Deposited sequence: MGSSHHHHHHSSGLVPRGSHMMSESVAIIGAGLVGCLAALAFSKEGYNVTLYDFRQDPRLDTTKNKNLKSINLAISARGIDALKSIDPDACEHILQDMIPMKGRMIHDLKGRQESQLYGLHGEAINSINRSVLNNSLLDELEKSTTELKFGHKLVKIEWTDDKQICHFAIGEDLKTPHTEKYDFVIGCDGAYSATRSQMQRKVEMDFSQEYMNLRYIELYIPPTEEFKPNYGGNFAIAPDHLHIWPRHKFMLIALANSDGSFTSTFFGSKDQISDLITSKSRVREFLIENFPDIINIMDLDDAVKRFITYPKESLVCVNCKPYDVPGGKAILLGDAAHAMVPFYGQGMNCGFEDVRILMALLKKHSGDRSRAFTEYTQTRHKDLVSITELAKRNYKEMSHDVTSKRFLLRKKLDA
């Protein structure tokens, strides 16, 4: 009487999808080739950033799925009041909220969703790599490499397997899928702002700068940002072109001078030497933007959510929030259609792809305002 679903990928979107479907009564199995990130034996946590901005929409998605869990899962998130813009003179200006965001730790959020899933009948299958799918009019046969071949049949499959989705490739054999991948001329580097030694009453913690603002140092086609952690430290991120970064890291002094010149007010709050070290040593992940149409295999046999459907630019886009909204939209469509996945998945493709156009255009406009159109003397250095 129950239907079974294989969800491929146990990142943030996959875990939320698993929560949503298990709650709605489906028999869920959640696969990931990675080891369980809650284990100390698992060395690669695959965490692209230490923390995340979760929007009202992202929060509302988790809340629509499980309000009690959502309360518990998000208890330590730090609400933001606005953005704090830092100019070349180290002047800060508060711009109060667009959409509200809250800072939350990535590891904690992903680990907490897994914890919630263990309280359901969801089967967790780490160490399982999806390698092939056979599509039929009844069940879909999913082939895995474990550790070792392994196959299991499912009524339908949800690809939440990220930007390079194996599920998406498998779908492409069954349906004509328009597809594009674009490798961004953009890299990011994670930096660190330590907690202060003493509790700062006006900040409510050991914070070196305002914890209730997303801090941005916007420059011409590059940017530094910072978002608070619960312990008083900030996760800081530098974004710049591949060419700019490659040219900088040829020399430690060159990086150091660049940082001092462009972000002079970070010397008060960050160790320059290890910043330089982090800058030269941080592994540079390639950022790819991918788009998809359709998102489903006809007859309700499969659907793609999260980065697997629409991997987008960091910061300027909001991949996790978008993926959380994917899930919320899908579940509402399933309820609207009384469990008819054929109808729901088809309508999903139509409406979500209209949404994606609007989302993409917003992100481009965000990049234009915040990073491209930056030439004033307060933001672009004159030698």
Next item on the list: Point out each run of deposited residues with no C-alpha coordinates, keeping the order of the sequence.
Entry: 1-21, 119-121, 172-175, 412-415
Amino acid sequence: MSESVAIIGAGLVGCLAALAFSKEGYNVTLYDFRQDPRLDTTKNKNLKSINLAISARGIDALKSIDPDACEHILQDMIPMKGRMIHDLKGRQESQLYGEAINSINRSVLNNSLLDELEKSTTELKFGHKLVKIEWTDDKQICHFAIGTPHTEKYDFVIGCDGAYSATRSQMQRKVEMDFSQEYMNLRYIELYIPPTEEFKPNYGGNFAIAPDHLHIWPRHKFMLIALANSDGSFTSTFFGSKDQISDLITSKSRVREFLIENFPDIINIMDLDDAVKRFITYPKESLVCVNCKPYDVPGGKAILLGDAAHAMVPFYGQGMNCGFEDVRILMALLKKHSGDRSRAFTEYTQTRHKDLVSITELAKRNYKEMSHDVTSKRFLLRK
From here on, numbers count along this sequence of modelled residues.
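Definition used throughout: the rigid core is the maximal C-alpha set that superposes within 1.5 Å between two forms.
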Margin query: Quick check: by Cα RMS after rigid core superposition, does 277-285 or 241-249 differ more from this form in 5 other deposited structures of this protein?
Written below: 277-285
Margin query: If the other structures are each fit on the rigid core, which stretch ends up farther away in C-alpha terms in 5 other deposited structures of this protein, 351-359 or 314-322?
Written below: 351-359
Check: Between us, would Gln35 come up missing in a third or more of the other compared entries?
Finding: no
Note to self: I want to check something about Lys335: across the other compared entries that model its neighbours, is it left unbuilt in at least a third?
What the structure shows: no
Note to self: If you take the mean CA temperature factor per stretch, which one wins between 282-290 and 210-218?
What the structure shows: 282-290
Checklist line | 121-129 set against 70-78, stretch whose average Cα temperature factor tops the other in the entry | finding: 70-78
Notebook entry, point to check: Highest Cα B-factor in the PDB entry belongs to which of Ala344, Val327, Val28, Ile65?
Noted result: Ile65
Check: Checking the entry, which one of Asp161, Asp296, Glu116, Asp178 has the top C-alpha B factor?
Finding: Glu116
Notebook entry, point to check: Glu261's Cα B-factor: lowest, middle or highest third of the chain?
Noted result: middle
Note to self: Ranking every modelled residue in this chain by its Cα temperature factor as given in the entry, which third contains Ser251?
What the structure shows: highest
Note to self: What third of the chain does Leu272 rank in for C-alpha temperature factor, lowest, middle or highest?
What the structure shows: highest
Next item on the list: Going by the recorded CA B-factors, say which third of the chain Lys200 sits in, lowest, middle or highest.
Entry: highest
Notebook entry, point to check: In terms of the CA temperature factor given in the entry, to which third of its chain does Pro149 belong: lowest, middle or highest?
Noted result: highest
